[PDB]
């Protein structure tokens, strides 16, 4: 039943008595459901150390991964180029998923095409799909560049992208001069960040490999910046802002911030902004190239070093205080530009915030996950805040990365109770937050289900989620945030300390029971 002036959606409609009774009858009649005592017994067991040991012995089963597949990253990379259509050679189901996944995170349109290979292409390969796909995409959507990646069907059947594109041009399906950079992006190798690396290196080679003769390192007096897989608009913006404030000439290579934030003014803009073809062509003439997220830009680094002859500096992601300082000092050395007064003051304002908030941050215990560079930067900043990052999970991390993080932990007493996990998923993390309970989780929206599980054990065992990472689907507009630089650190600090204080207020809100500590001033 509904009352017309206070209509109920699913919550709380289905708590009406008539719906409750109906659901009970369905269960009892037809579902042959395990008894509630058995459900409770098994739940309790899944919270134990014994279960955790079994869980960590998994070799074949993955549950609730914290990674995606290569072509997702290729698509994001491609979106950062001016008037560029991401194009994934292979199966169309994949592209429906890539688009929707980003649509949900950015709350924006996400343009990408498929060439719709079907079962028939297993005989004969996907060459004809490429020919008609390229022609059709160019005519219909009028991109200035089509950036080609692959789905796993195309990789398994072994389609030679290079040969197919060349034949497409040979036979007149698209002009010889029309840019069609490409990369193989197998979903069964690495993760989405690998697809970003592969795509970027493919685009870099396309515009530079054959025209190296006339290039002189440093002749354009700019620094190239390669951001990697990045899903906070504030992160492209802060890096550009800081470099502009410092008077540093730069080229941000893959810059989707305009196309992922078009205005709602009565028109749809399929393309906006982005790195220009001229910038990619001229990139070898830079002083150097800086990699913002080096742990997933290894292939790009080899190309930049080996072909462009840039001496790529060994810099961590610019997250937290020390690593932002290092990034600025290196950029100052390369460019000859001094660090300006505005950035010095911004730094000191972050430090002020640290001094103001340190007493609530001190000793706070976190579980966290994400991509390798993001995770290591968050770990570093947590240590700078006097926090303990006790469970550090990077599903798509590697051994070399883990060694690097273990070293960062060793440089601080706040690292003493911390462990780094690679290859492990969110069902593994769920165990850790039961057996070695932290104060909070820092992670993406998939963490909400862990918080749910912990509250079911009891309010005293609940681990609240602080949403930082990708994807975030259950809050609005968090993709506008910043995590890099002093601005990002200021944002993360504020989010952390206020998460702490929100929880403290919840715990002290009980009239005559815990409100003795419900302080006006904190």
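For the two forms, the rigid core is made up of the largest set of C-alpha atoms that agree within 1.5 Å on superposition. Residue numbers count along the first chain shown, from 1.
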In 4 other deposited structures of this protein, rigid core aligned: more displaced of 117-125 and 214-222 by C-alpha RMS: 117-125
Stretch with the greater mean C-alpha B-factor as recorded in the entry, comparing 468-476 against 453-461: 453-461
Of 215-223 and 294-302, the one with larger mean CA B-factor: 215-223
Most elevated Cα B-factor in the entry, residues 443, 90, 372, 247: 247
Options 164, 427, 188, 229 - largest CA temperature factor per the record: 164
Residue 67 - Cα temperature factor, lowest/middle/highest third of chain: lowest
Residue 355 CA temperature factor, ranked by third within the chain: lowest
Chain thirds of CA B-factor: placement of residue 102: lowest
Residue 55 CA temperature factor, ranked by third within the chain: middle
Modelled-residue ranking by C-alpha temperature factor, third containing residue 6: highest
